[PDB]
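Secondary and tertiary structure notes
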Amino acid sequence: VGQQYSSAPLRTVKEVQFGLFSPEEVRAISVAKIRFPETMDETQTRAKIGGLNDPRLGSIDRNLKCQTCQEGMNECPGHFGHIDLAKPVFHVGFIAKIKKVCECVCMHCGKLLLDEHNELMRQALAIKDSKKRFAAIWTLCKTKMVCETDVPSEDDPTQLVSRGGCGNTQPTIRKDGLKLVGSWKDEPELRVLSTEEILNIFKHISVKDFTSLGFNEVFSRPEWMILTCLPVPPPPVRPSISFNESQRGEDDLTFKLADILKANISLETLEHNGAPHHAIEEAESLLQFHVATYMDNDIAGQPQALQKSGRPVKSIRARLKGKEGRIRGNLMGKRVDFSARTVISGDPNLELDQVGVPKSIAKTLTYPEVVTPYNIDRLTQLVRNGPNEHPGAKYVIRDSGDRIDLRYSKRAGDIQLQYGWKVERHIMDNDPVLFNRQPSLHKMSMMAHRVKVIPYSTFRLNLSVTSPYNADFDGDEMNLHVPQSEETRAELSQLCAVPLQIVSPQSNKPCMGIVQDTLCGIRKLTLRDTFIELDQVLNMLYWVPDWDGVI
Amino acid sequence: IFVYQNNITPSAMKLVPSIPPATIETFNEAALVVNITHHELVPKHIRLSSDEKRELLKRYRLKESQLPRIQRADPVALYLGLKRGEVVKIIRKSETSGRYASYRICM
Amino acid sequence: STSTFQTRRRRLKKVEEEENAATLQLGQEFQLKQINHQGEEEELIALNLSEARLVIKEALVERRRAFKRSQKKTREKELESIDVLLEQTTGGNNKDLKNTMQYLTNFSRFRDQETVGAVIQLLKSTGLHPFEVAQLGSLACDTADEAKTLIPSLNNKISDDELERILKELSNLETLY
Amino acid sequence: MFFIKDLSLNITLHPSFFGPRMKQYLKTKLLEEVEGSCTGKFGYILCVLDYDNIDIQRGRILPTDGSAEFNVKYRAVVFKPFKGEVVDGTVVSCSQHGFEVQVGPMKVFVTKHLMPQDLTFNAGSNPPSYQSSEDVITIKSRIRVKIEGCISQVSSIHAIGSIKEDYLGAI
Amino acid sequence: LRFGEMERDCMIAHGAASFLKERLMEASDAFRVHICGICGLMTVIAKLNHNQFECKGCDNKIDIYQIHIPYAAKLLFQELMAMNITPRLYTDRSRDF
Amino acid sequence: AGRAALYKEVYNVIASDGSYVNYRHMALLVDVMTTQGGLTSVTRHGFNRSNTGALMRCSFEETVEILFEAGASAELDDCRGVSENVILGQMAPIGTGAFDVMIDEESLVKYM
Amino acid sequence: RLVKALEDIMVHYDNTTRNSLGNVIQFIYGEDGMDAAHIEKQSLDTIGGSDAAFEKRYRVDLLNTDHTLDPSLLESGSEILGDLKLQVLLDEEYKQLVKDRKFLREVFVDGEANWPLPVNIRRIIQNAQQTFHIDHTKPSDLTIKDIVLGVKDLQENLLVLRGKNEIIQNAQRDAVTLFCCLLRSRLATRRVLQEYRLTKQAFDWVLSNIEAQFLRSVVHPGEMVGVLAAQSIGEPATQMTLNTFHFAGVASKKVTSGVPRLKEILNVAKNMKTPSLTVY
Amino acid sequence: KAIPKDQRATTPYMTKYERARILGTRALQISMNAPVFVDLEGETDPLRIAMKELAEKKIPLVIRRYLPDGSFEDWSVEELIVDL
DNA sequence: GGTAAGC
RNA sequence: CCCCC
DNA sequence: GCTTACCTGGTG
Ligand SMILES: [Mg+2]
Ligand SMILES: [Zn+2]
Ligand SMILES: [Zn+2]
Ligand SMILES: [Zn+2]
């Protein structure tokens, strides 16, 4: 299920280990170096370049060409490349954490501002939950504004023991946009702390110290919150919408990456050349801007990295942010195949658990049946019927993977079925199907029904089942979902079947009764005054399917 | 148990944990005026022995983590003088079953 | 592919892969302290070709017994004899086993299980590594110098004299082919 | 060397085989998959022992597919070569670059330069040989080699060998 | 049609586990990835026809797995990776709890 | 007593409206809001800030922020929650997923 | 928010209610271990009325001519008068029924008798009478032992929890406390004979059915109880109003109510609109 | 860690979910041409066949009930009581 | 444009 | 947008 | 005790 046999063992995910990329790992997992803002045109020749939007990272042209892997569009996950940053830059997502870590460590020697020699600190270091522990250590260390050489000994308060020298005064760090500014102590020494400066002291934090802060020696060292080697995501993440040959619109990410690239080439040029040093600070802060603005383009610090159109550039963070987001809109909820929707109509002649399905829908929706000696003859007949007669079939899936399209196949008239083949046949009477009415507020908003293929364009349902759905026939639309396994259809029939939902466990009472015409007519039928003579009594008895035949 | 009128000076409050294994508990006179355990909404909380606790965890196949928790500062935890780790059995009346017992681990 | 009994430990930690030698640095998979199916710690099983030849022979014989039970509802000579058993139990396609049996039958020093048992007894008193014990049963040495050169691991472990007593005994047990 | 190892293979069996002679087919698929195989990790998985007692265990039926996956716990004879292992073998091929030696299931190749200077290749001889002041090495001759190193090659391990050092060579 | 969040909630309430997976996988975007056994990443350079596996910079080739995940999650993970986050997917439990 | 009062309060809002919910539902909500020792709001600050797995918590409200913190603190999601199995397209340990199904070769033989 | 907060709550194979971390939320689902679809409002008789009427309805005194069981009610009636050995049994029966009434009056302080419980006992007896064609003008073949000990044994098989230890066995005793109160109150010797007029065959069928029905009623390990609760509180919330103004036109009488009060609650809002003490 | 037979404490009755999964699993297998342990007296639907195999208690499957700690109780579909 | 938990 | 309980 | 940073029903 992602096409074509893989010899690799298939397993399920049991654990997800979150972490941060070391720059060394980004280089290790890279396929292409990435160095030109240019995406394509080999000078002018329409084909992708050795710089951006890959050699290598994946493909376009629905032409296999995916670097040696050579697997082609559906099969190929893209491959990451990298871009080496001319100067280190903070990751937006970690700007605050960086501030807090600087606020916990001596900005000179990299030691923790407090230790075991402080009673309040000991209480915090004891904290089991890393998140709560870092919050405590910070609340303590933030105020500590000197890297004490010696502190009073555990026994004698008059005497002191050397902890870990340095003795340097710490700044009072304030965030100025994407910059971190310090104020040491006449009037205070005000200076902006460089990324390199921070990175360096983060690199100098003891494992014991960064493990005391929320960090991980293996998976997430604090120094990794500072970016140095940027992973370039492959084309599948940033697809180039091709408007048919020599006309292709690249993704916003592709454009942003080109800006990161251009800003970087710029900085690397001045750094190498006659660096005017007050020009260097500009190209540096610009690189910082693009790298920030690529991941998050909704920062408090107003300038909203715009597209030349006046549009604001879709940050990666923006793609994930809920309802329409990646998580909420694509993972928690999906748009799905084997589905149908029409206007619902009511039917007194359908059993409580049946659903009237328009032929057109029945001929579209298709359950895939495995050729077995029990169905071999039946399925053979549906294949013969083709995709246009009601009891029919659309495709025949062979042992040999590929599916036969009965509407086009030259062999569609022939086809001698074999055990194990799947016949994708039309939805038929008594197939269990999931019927739904949005908003789905209850378990009873979705119930399994037995198909009843019928004429006309409406899903027809039994009047009694109207109430659980909270549906009426003033043009309400309802949804149908077709189960595809002999296993999922058993879930529907054995768990979600309409008759199984009769008593609701919300209110602890039944959730379906007799309604409207029948409720009105039942009172009328059952008064003393109401008598029936033979002629009708017989038609009335004949109407009860289960009648014993006894007058 | 120290029953003070208004307040215990911070200077004196420092001496409190200074004598282990003995534990000092400070209660304000005003707090003790009414016995909160007597309230309509307050059920019977019972202090479990180290062995009774061992069994509870065994029988439900639990990590201490997975037990419902009671704060150390909890009016009832303070009343029983519950230490951290101590489990309390809670017998409440149920409108569903007649009686229902919960457990809370003092953290 | 096939897995083992040695439980996976290092998280990411890349791959700090170490070399394998005769400083008895056989893999992680070939450590002295092994863990058997039953869960217990077992010592490494290393076989001398002879020990090895008989293990495979016996294993294949019991397989034909099981295969015939379920079907209801002298070196030159021993060489053809084996090719019959293999053509009966083995998948045919297993050339690796056929090449092995020809090798093992042509290079075993000890024919019978009594002689193999005697070797195995003698060399077990030594308290040497299962690798050195298997090499002392597979390579025929005359002097402790031969043994100690060919099996470098042995070096300070056994006395030159004690080793020489052992090689005299192994030479006496050597089958007259 | 030539070890015995406790191992376990995961086999996924299709519903068609969920009949009485099921274990019979699992033990079969185990011998196909595993026996005659070679890994850098374990070496050559030469022969599965105790056929009468191979452990099937229970098999989990897999969610959307009907198949059942068993971890077949077993015990086999393996051959894993090592650097510094002294092996006895027979000469198979022979050239101006050296000679290859059959050692059990694998080949150890000896370079002209990883053999004593007096051993000189003779193109002439039938079959081609390596001769010295008192020795002749050709196809079929027995040699004691010291493995210099190994290479894991998909379904085989090969090695470079020496007969330069003392007590190695013809036998 | 959208089988949304609320719809997912009724399948949960129903206890229709297998129906739910089918609706999100087979009925929508099931995809197959090759995961390295060392870093839990989608690094594996799997050449299927040649049976070549490889995760360079793990120097794998051997410890590799096939996983079935919704393409949108393959996307989510590559997006998180693009933001220096490593969502390492493992096929065994290290915690054992 | 806090839980007892909270139930009384939750009940009284639903019931004043005329509406009826079986006890066990409100009981459960009130219990969830309470097992942590104090009052845990059904908000992004409340329940969503608990020790539950990253991916599950990111599915409600603080999506990206949750995932960054997950990365920096090297969080381990055991995929025990529904949301995690939904994101991974795996059968959740829910209802028909709350147990395993095995073939018994012993009985498989006995049935022949 | 309700759904997202309760998502992961499910009933485990140990009848415990747990979340994704495996933390216990409820030790037994909804305190009783019963599935809400098998719960029906039933009347706990014993709780109300005068002590006199209770005594009339339940007390059987074989040692007293006026308060014995009438020989018309059971065949045993004539020889049961003065039986000290059986009176010790009826003395237990009455003592427990009193103990029950005392306890019910502790649980439900207002005296409210109607509570949703599993197994509609009214119907079982009703059906037993229509099945065996109960003759309310013929003496019963039941014994006092048949009744007294019969009910006692049934209580032993009303299983919610299983475990061969005191924790589980006590937890089991507890879960069944309120049901057994109803059971004992409905199958008292005086009630069974003088009201229901059951036969041994009929009474047996009743005990049998109560057992079966009770078992059918317990929650199923795997129930996604969390979402269920979230949706059960969610759907009525959907129908509440923002405004209401039922106390408008009278200030100095203000209440928060409806949606706003539901938010104040779920948000554990610190600055609530209508704070109020009710001092007794 | 597997709770031994004599020490099993879970319900003797098959859960509504266990049943649906068995019938589903067995129908699936039957539909994939798996061997049938019942005499199909003219039956054809893999679910209707599975139901027969269930009713005749000739389903060779076992449920592995997992407790929240990881330990488990294996239960045969033979010994499990199908009421419902 | 409403609430709270940051500084 | 323009439609919904 | 003020400013920030999160959120705001369902389909089509
Ligand atoms: Mg309408
Ligand atoms: Zn590729
Ligand atoms: Zn310092
Ligand atoms: Zn890797």
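About the cut-offs
Residues numbered from 1 in each chain as written, not as in the entry; some residues may be left out. Chains lettered and ligands numbered in written order. Part of a larger assembly, values for the part shown. Heavy atoms only, no water. Residues with missing side-chain atoms left out of burial classes, pairs and counts. Helix = DSSP H or I, 4+ residues; strand = E, 2+ residues; numbered from the N terminus. Rg over C-alpha atoms; globule rule 2.2 N^0.38 Å. Buried < 20%, exposed > 50% of the residue type's maximum accessible area, 1.4 Å probe, protein only. Contact = heavy atoms within 4.5 Å. Buried area = accessible area lost by both parts, 1.4 Å probe. Salt bridge = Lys/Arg side-chain N within 4 Å of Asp/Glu carboxyl O. Polar contact = N/O pair within 3.5 Å; in protein donor to acceptor, adjacent residues only side chain to side chain. 1 Å grid on protein atoms, 1.4 Å probe; cavity = no way out; pocket = protein on both sides within 12 Å on 5 of 7 lines; lining within 4 Å. Points joined across faces, edges and corners; volume = space filled by probe spheres on them. Nonpolar A, V, L, I, M, F, W, Y, C, P; charged D, E, K, R; others polar. Pairing = 2+ DSSP bridges. Donors = N, O, S within 2.8 Å, 3.2 Å for Na, K, Ca; no water. Tetrahedral: all angles 85-135°; square planar, octahedral: opposite > 155°, others 65-115°. Axes fitted to C-alpha atoms, helices over the stretch in contact; angles between N-to-C directions. Near = heavy atom within 4 Å. UniProt positions renumbered as here; feature names shortened; annotations may be inferred. Parallel < 35°, antiparallel > 145°, perpendicular 65-115°, else oblique. Left-handed = near helix turned anticlockwise from the far one by under 90°.

1. Description of the overall build of chain D
- Regarding its fold elements, chain D presents one helix and 14 strands.
- Relative to the globule expectation of 16 Å for 171 residues, the C-alpha radius of gyration of chain D, 22 Å, shows a markedly less compact shape.
- Within chain D, the proportion of its 171 residues that are buried is 54%.
- Sequence-distant contacts in chain D: of pairs separated by 6 or more residues, those separated by 24 or more amount to 59%.

2. With respect to the interface of chain H and chain F
- With 17 residues of chain H at the contact, the number on the chain F side is 14 residues.
- Both sides together, the interface formed by chain H and chain F hides about 1,500 Å², and carbon and sulfur atoms give 66% of it.
- When residues of chain H are sorted by the area they lose upon contact with chain F, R21(H), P60(H) and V62(H) head the list and together hold 40% of the total.
- Here chain H is connected to chain F by one salt bridge.
- A salt bridge links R21(H) to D100(F); the nearest nitrogen and oxygen atoms lie 3.9 Å apart.
- Counting across the chain H and chain F interface gives eight residue pairs in polar contact.

3. Notes on empty space enclosed by the protein
- Quantified by volume, the largest cavity comes out at close to 400 Å³.
- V32(F), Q36(F), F47(F), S50(F) and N19(G) are the residues nearest the centre of the largest cavity, which is lined by 30 residues in total.
- Looking at the lining of the largest cavity, the elements with two or more residues in it are α3 (54-58) of chain F together with α1 (2-6) and β3 (24-26) of chain G.
- A per-class count over the lining of the largest cavity returns twelve nonpolar, 13 polar and five charged.

4. Focus: the environment of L123(C)
All names here are of chain C.
- With respect to the secondary-structure elements, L123 resides in helix α4 (residues 113-125).
- Owing to a relative accessible area of 1%, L123 belongs among the buried residues under this scheme.
- Leave out the neighbours within four places in its chain, and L123 touches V133, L136, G137, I166 and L170.

5. Overview of the pairing of strand β13 (residues 354-358) of chain A
Residue and element names in this part refer to chain A.
- Of all five residues making up β13, five are buried, and the element is well covered by its neighbours.
- Residues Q354, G356 and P358 line one face of β13 and the alternating positions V355 and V357 line the opposite face, and both faces are buried.
- Where β13 and strand β20 (residues 459-461) come together, two bridges link them in antiparallel fashion. Residue pairing in the sheet places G356 in a bridge with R460 of β20.

6. Here's the deal with the coordination of the zinc ion (ligand 4)
Residue and element names in this part refer to chain E.
- The zinc ion (ligand 4) binds to the protein through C36 (SG), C39 (SG), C55 (SG) and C58 (SG); the donor distances cover 2.2 to 2.4 Å.
- Bound by four donor atoms, the zinc ion (ligand 4) shows angles of 101 to 124 degrees at the metal and therefore tetrahedral coordination geometry.
- Each donor residue of the zinc ion (ligand 4) lies on one chain, and together they are spaced C-x2-C-x15-C-x2-C. No difference in accessibility class separates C36 from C39, as the two residues are buried.

7. Some remarks on the sheet that holds strand β17 (residues 422-426) of chain A
All names here are of chain A.
- One open sheet accounts for four strands, arranged β14-β17-β15-β16; its pairing is antiparallel. Bordering the open sheet on either side are β14 (366-370) and β16 (403-405), each of which pairs with just one other strand. If you compare each strand with its neighbour and ignore which way they point, the axes differ by 25 degrees on average.
- Here β14 pairs with β17 via five bridges, running antiparallel. When the bridges of β17 are listed, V370 appears paired with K422.
- Against the sheet, helix α12 (residues 376-385) touches β14, β15 (393-397) and β17, its axis set at about 60 degrees to β17.

8. A few points about the side chain of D251(A)
- Within the element layout of this structure, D251(A) appears in the loop between β10 (248-249) and α7 (252-272).
- At 2.9 Å, the side chain of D251(A) forms a polar contact with the backbone nitrogen of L253(A).

9. With respect to the interface of chain E and chain A
- The interface is formed by 71 residues belonging to chain E together with 90 residues belonging to chain A.
- Together chain E and chain A conceal approximately 7,400 Å² of surface at their shared face, both sides included; 58% is due to carbon and sulfur atoms.
- Taken as a group, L1(E), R2(E) and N84(E) account for 11% of the area that chain E buries against chain A, more than any other trio of residues on that side.
- In this structure, the connection of chain E to chain A is made through five salt bridges.
- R328(A) is the salt-bridge partner of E5(E), the closest N and O atoms lying 2.8 Å from each other.
- On the surface where chain E and chain A come into contact, there are 45 residue pairs in polar contact.
- Among the elements of the structure, β1 (2-3), α1 (5-14), α2 (17-29), β2 (30-36), β3 (64-70), α3 (71-82) and β4 (85-90) of chain E are those that each provide at least two residues to the side of chain E that touches chain A.
- Per-class residue counts for the side of chain E that touches chain A are 37 nonpolar, 17 polar and 17 charged.
- The pairing of strand β1 (residues 15-20) of chain A with β4(E) spans six bridges and is antiparallel. Directly across from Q17(A), in β4(E), lies its bridge partner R88(E).

10. Considering the protein's contact with DNA strand K
- Within the structure, DNA strand K sits among 13 residues, and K323(A), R328(A), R335(A), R2(E) and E61(F) are positioned closest to it.
- Taken together, the sugar and phosphate atoms account for 95% of what DNA strand K places within 4 Å of the protein.
- One nitrogen or oxygen atom from the side chain of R335(A) is found 3.3 Å from a phosphate oxygen belonging to DNA strand K.
- Backbone polar atom of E61(F) to a phosphate oxygen of DNA strand K: 2.6 Å apart, as the coordinates give it.
- The residue inventory of the surface near DNA strand K, partitioned by class, reads two nonpolar, one polar and ten charged.

11. Observations concerning the pattern of salt bridges
- A complete count under the given rule lists 111 salt bridges over all chains for this structure.
- Here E78(C) makes a salt bridge to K57(C), at a shortest N to O gap of 3.4 Å.
- Take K57(C): its relative accessible area is 25%, and that puts it in the partly exposed class.
- Across the salt bridge formed by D51(G) and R101(G), the nearest N and O atoms sit 2.6 Å from each other. Of this pair, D51(G) sits in helix α2 (residues 51-58) while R101(G) sits in helix α4 (residues 84-107), and the two are 50 residues apart along the sequence.
- According to the relative accessible area criterion, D51(G) is exposed, its value standing at 57%.

12. Some words on the UniProt feature "binding site: Zn(2+) 1" in chain A
All names here are of chain A.
- UniProt records the feature "binding site: Zn(2+) 1" for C66, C69, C76 and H79 in the present numbering.
- Among the secondary structure elements, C66 is positioned in the loop between α1 (23-28) and β2 (81-90).
- Not counting chain neighbours up to four residues away, the residues in contact with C66 comprise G58, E71, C76 and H79.
- Residue placement: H79 occurs in the loop between α1 and β2.
- Taking relative accessible area as the criterion, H79 reaches 5% and is therefore assigned buried.

13. Considering the sheet that holds strand β9 (residues 120-122) of chain D
All names here are of chain D.
- Read from one edge of the open sheet, three strands run β9-β10-β11, paired in antiparallel fashion. Looking along the sheet, the strands with just one partner apiece sit at the ends: β9 and β11 (135-137). Taken over all neighbouring pairs, the strand axes of this sheet differ in orientation by 30 degrees on average, direction set aside.
- Across three bridges, strand β10 (residues 129-132) lies against β11 in antiparallel orientation.

14. Points about the coordination of the zinc ion (ligand 2)
All names here are of chain A.
- Bound to the zinc ion (ligand 2) are the protein donor atoms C66 (SG), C69 (SG), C76 (SG) and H79 (NE2), situated 2.0 to 2.5 Å from the metal.
- Taken together, the four donor atoms coordinating the zinc ion (ligand 2) span angles of 89 to 133 degrees at the metal, a pattern that classifies the geometry as tetrahedral.
- Read in sequence order, the donor residues coordinating the zinc ion (ligand 2) give the pattern C-x2-C-x6-C-x2-H. On the criterion of sequence distance, the pair formed by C66 in the loop between α1 and β2 and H79 in the loop between α1 and β2 is long-range, its members being 13 residues apart.
- Judged by its relative accessible area of 0%, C66 is buried.

15. Thoughts on the packing of helix α1 (residues 2-16) of chain F against helix α2 (residues 23-32) of chain F
Residue and element names in this part refer to chain F.
- Where α1 contacts α2, the two axes come as close as 10 Å, and the packing angle between them is 130 degrees. Looking at the two axes, α1 sits oblique to α2. Seen from above, α1 lies across α2 with right-handed handedness. Only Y23, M26, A27, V30 and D31 of α2 make contact with α1, whose side of the interface consists of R3, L6, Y7, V10, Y11 and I14.
- Considering only residue class, the contact of α1 with α2 consists of nine nonpolar, no polar and two charged.

16. Structural notes on the arrangement of the chains
- Between all 21 pairs of chains that are in contact, chains A and E come out with the most contacts.
- Where chain C comes nearest to chain F, the C-alpha atoms are still 12 Å apart, and the two do not contact one another.
- Between chain C and chain H there is no contact; the minimum C-alpha to C-alpha separation amounts to 14 Å.

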